[PDB]
Ligand SMILES: *[C@@H]1O[C@H](CO)[C@@H](O)[C@H](O)[C@H]1NC(C)=O
């Protein structure tokens, strides 16, 4: 098993923008593509976005395509996420996953921890 | 014969969302194209006879447009009856040719499996053969991994696997593996274990049993 | 004209055109419309006339076979699939359609009749395809001399020349009596001068004369008034009535 | 038709015809003939 | 109105010729025509050929000339398709559909379709499945529920029906698609999820039936610890 945790998020006013970040240490970060997930209350896990080594822009799910952005920095073993115009739907709990397979085109995502978002 | 290719092969969207389909041809057909929707293994239902004309009784929800070597097929809203493969039928020439099909499944969100294990029964062992089955139920996305590690050593080439289609009751999936062995092999080994990895497990999950259990 | 679907020369498609403004330049300006032959009317004047009714037919036939599409002609198409009346007025339009209708030993969907129990009446349509009776031998099942099936195909193989290549044909049948009319060209209107000698064109009726407010009680269903010897005595304005 | 002096298609038999009636309603249409066909025009038209 | 009804499933060994037919109803035979298409497992459709019985004209796809012939008659008002020299790959379902390119100038795209006829080619012969229940562990419990199952193996030809409590139980009943062994015999599986309290207190039984042989099998299911 490997460790992975988030930073940022939390309470915000509706209509604003929010930042999120997630990082690891003590292991190779390039071999895995780092992905990000969501869970609504009383409902199961959702896919949101992921960034690859090629840097070919972002990658999204169906709903989050028009309101989200993702980026990474291997030199600091950290990934970044960006949110725009948060809505009442943003009252859920996220997760930070990694495509846990060595340079694999597919993905077997693994996450260590997750944090909440809530519009006041 | 003139071929066609459908791109992309698979789709996932929630009920109510607008969806589009396209297919590709090596030579320019003069709008001699038709579209079908087929439930996997069932009789196809005819949708569009002329490239942009719906068939009798087809709902207005379906439409398409395009010209020359390419065409596009779209739906204003993904509806309950929509988990099916869409084919663009070429009839420009006498030799009929059919596309590879574009499959769409309801976009539901990741769900962890229910991981269960099977030590074999006596009635099977009386036949001189032994088996062990590992089961995953109601998970998402489409696939999950299962591996056998009899005596904690990974094994290959003695198991068979089967997978269900998307479960429209909750848009999840299921998977299981059936290990097969002989009675001599059953006696030789000591511990049987199944290990599982899926989109929704915090870490690999292990299920195992011993000779006395 | 631009519909992808064209019926066989029997059970031929028929479309009624009503309450519209026509523009025939969009037709004869098309490159593929190599053949544009009209009877009772000329290509140049189509946009200037106005028609009481308009009907358009369409079908697919061979190239040289289009020769049979004319008033009072005789032949397989003229007698057993599609016949024009001897006094037909309108235009016959056809063009090459190999790019669409030609297939290697194919194109069965476009058919016709070589023979029929009796010659077709003008504009008569027959959807049935029953077998012609032999007469000399009882025939409910298939049989010899005359119990062969009427329908049969060219196979429209691309190796065919214009003598057998497909031609896509559309025929316009017109009634060219004066109003009431609902289909005709984009000719612009003009103010109505009265009590002065003026050249007038009322819904296609050309003439020279003085226009005066008539005092004869036209019934609401009448649209023209003729004096002796077919002379138009009065006419109602198609705009203010 | 009835001569049958053409048992081999190789070296087939030929004949020329002129100055007669050509009543096809009987010719090629009696019971003995199993098949009969005309190309380019129906037998009914050829009859006259 | 016009409708199509096809023959039943037909099966025989590789290298032989399989017959298939479907009746013509509505209107009559001489105002009718047929074409045949293939639907093999895990792929799309495919077109074999076409017939207009009264024309005598028939066509076949480049993939099926010679290996395929078509015949039909008015006495029985039905079409007769035959395929020869079948491989194991030929296992598929064949549909006959009403032809439209037969008269009055509409196109060749199939509106009326038959029920589908299944043909499976294998060296095996008609025999019933082998069935054995399952014995899930007590650690196999989750959310107050346990999964039980029975397997089906070594049967040929299709179809096979698997039901729980002889069809009396449907809540949580799950089934699996069949697989084909290298020996030419099929297999199947199915499970049902039930509360841990209900099992043992209420009898749960699997049932398997094989229509070709008209045989029935059932057995009980119980976890173990
Ligand atoms: C035609 O249009 C004119 C101008 O708008 C109008 O005065 C007249 O009533 C209209 N007549 C008909 C029959 O529509």
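Note that each Cβ is placed from the backbone with ideal geometry, even for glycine, and that neighbours are counted across all protein chains shown. No lab work stands behind these numbers, since they all come straight from the coordinates.
Pairs of Cα atoms nearer than 8 Å and 6+ residues apart set the relative contact order; for region A:5-119 it is 35 percent. Computed from label points 7 Å out along Cα-Cβ, the spacing between residue C:31 and residue C:200 is 4.7 nm. Quick check for you: which residues of region B:109-149 have the amide N under 17 Å from the point 7 Å beyond the Cα of residue A:43 toward its beta carbon? What the label zone holds, given the 17 Å backbone N cut-off, is B:109-112, B:140-141. For chain C, averaging the sequence separation of C-alpha pairs within contact (under 8 Å, six or more residues apart) and dividing by the residue count gives a relative contact order of 27 percent. Partner shielding of C:149-159 amounts to 2, given as the average count of beta-carbon atoms from other chains within 10 Å of each residue beta-carbon. Separation of region A:21-38 from region E:130-162 is 40 Å, based on Cα centroids.
Below 8 Å between Cα atoms, with a sequence gap of 6+, how large is the relative contact order for region E:47-116 in percent? List each step's numbers first, then the result.
Numbers: 78 pairs, mean separation 14.0, N = 70.
Reported as a whole number, the value is 20 percent.
Arranged from highest to lowest average of other beta-carbon atoms within 10 Å per residue, in what order do the peptides B:84-90, E:182-188, E:108-114 appear? Write down the numbers at each step before the final one.
On the way: B:84-90: 23.6, E:182-188: 16.4, E:108-114: 18.6.
In decreasing order of mean packing, B:84-90, E:182-188, E:108-114 become B:84-90, E:108-114, E:182-188.
Cβ-Cβ distance of residue B:149 and residue B:79, R₀ of 51 Å, FRET efficiency by 1/(1 + (r/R0)^6): the value works out to about 0.70. Legend: ranking of residues C:227, A:73 from fewest to most surrounding C-beta atoms inside 10 Å; resulting order C:227, A:73. Under 13 Å from a point placed 7 Å out from the Cα of residue D:15 along the Cα-to-Cβ direction: which residues of region D:24-48 have their backbone N that close? Those under the cut-off are D:27-28.
Cut-off 12 Å, label point 7 angstrom out along Cα-to-Cβ of residue C:192: give me the residues of region C:17-51 whose amide nitrogen falls inside. Within reach of a label on residue C:192, which here means backbone N under 12 Å from a point 7 Å along Cα→Cβ, region C:17-51 contributes nothing.
Decide, for region E:3-121, between rounded, prolate and oblate: order the square roots of the alpha carbon gyration tensor eigenvalues as a ≥ b ≥ c, take rounded if a/c falls under 1.5, and otherwise choose prolate if a/b is larger than b/c, else oblate. Could the numbers behind the result be given before it?
Numbers: a/c = 1.71, a/b = 1.61, b/c = 1.06.
Prolate shape, in that a/c is at least 1.5 and a/b is the bigger ratio.
Across all directions, the shadow cast by the convex hull of chain B built on its C-alpha atoms averages 16.0 square nanometres.
Inside 10 Å of the C-beta atoms of E:127-137, what's the mean count of C-beta atoms belonging to other chains?
On the way: counts 0, 0, 0, 2, 1, 9, 3, 8, 8, 6, 8.
Partner-chain Cβ atoms within 10 Å, mean over residues of E:127-137: 4.
Spin-label pair residue E:217-residue B:162: with each label point 7 Å from Cα along the Cα-Cβ axis, the two points sit 1.2 nm from one another. Shape class of region B:8-111 from the Cα gyration tensor (axes a ≥ b ≥ c, square roots of the eigenvalues): prolate, since a/c reaches 1.5 or more and a/b is larger than b/c. How many angstrom separate the Cα center of region E:77-117 from the Cα center of region C:21-61? Using only Cα atoms, the two centres lie 43 Å from each other.
Mind sorting A:93, E:119 by how few other Cβ atoms lie within 10 Å of their own Cβ, fewest first?
Working: A:93 16, E:119 20.
If I rank by nearby Cβ atoms, fewest first, I get A:93, E:119.
Residues of C:98-106, mean number of Cβ from any other protein chain within 10 Å of their own Cβ, rounded to a whole number? Could you put the intermediate results ahead of the total?
Working: counts 0, 2, 4, 1, 1, 6, 3, 3, 6.
So the per-residue partner count for this stretch is 3.
Protection proxy ranking, highest mean first, for peptides C:67-77, E:154-164, B:166-176, E:210-220: E:154-164, B:166-176, C:67-77, E:210-220, where packing is the per-residue count of other beta-carbon atoms within 10 Å, averaged. Spacing of the modelled spin labels on residue A:5 and residue A:76, each 7 Å from Cα toward Cβ, amounts to 1.8 nm.
Spatially, region E:175-209 and region B:94-148 are offset by 14 Å when compared through their Cα centroids. Among E:148, E:180, sorting on how many other beta-carbon atoms sit within 10 Å of each Cβ, with the fewest leading, yields E:180, E:148.
State whether the protein assembly as shown is rounded, prolate or oblate according to the following rule on the C-alpha gyration tensor (a ≥ b ≥ c being the square roots of its eigenvalues): a/c under 1.5 gives rounded; otherwise a/b larger than b/c gives prolate, and the remaining case gives oblate.
oblate
Applying the Kirkwood pairwise sum to the alpha-carbon positions of chain E produces a hydrodynamic radius of 20.3 angstrom.
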